[PDB]
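To start, the structure itself, in structure tokens.
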């Protein structure tokens, strides 16, 4: 799943994502790609999102509205554990 992460600086193409990729794997890659900590980003999709609360950690993309090449709007709330430039 070559998912289109809409974030700061523009789109970011996240490969490696399988259908059964968990929350901590997904938002974990996002924290490495666009640098947005899992608490500063929310899972919003291109089609009208219901502002879904990810109330788990092992929860997969098959349960979540992540699709193959979908527009995931990764926001930046700014306030995140900033102690490193990388």
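Numbering (PDB author numbering), first residue to last: 1 to 86. Every residue, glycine too, gets a C-beta built ideally from N, C-alpha and C.
Is residue i buried or exposed, if buried means 16 or more other CB atoms sit within 10 Å of its CB?
i          : result
residue 83 : exposed
residue 11 : exposed
residue 78 : exposed
residue 32 : exposed
residue 39 : exposed
residue 72 : buried
residue 13 : exposed
Thinking C-alpha only, which one of the options is nearest residue i?
i          : options    : result
residue 61 : 69, 22, 16 : 22
residue 16 : 4, 35, 75  : 4
residue 52 : 1, 42, 74  : 42
residue 85 : 70, 47, 34 : 34
residue 66 : 46, 55, 37 : 46
residue 8  : 19, 30, 20 : 30
residue 25 : 49, 48, 64 : 64
Terminal residues of the continuous beta strand (DSSP E) containing residue i?
i          : result
residue 72 : 71-73
residue 10 : 10-14
residue 7  : 3-7
Over what stretch of residues does the alpha helix (DSSP H) that includes residue i continue unbroken?
i          : result
residue 28 : 23-33
Per DSSP, which residues does residue i bridge with? Please list them.
i          : result
residue 44 : 73
residue 60 : 22
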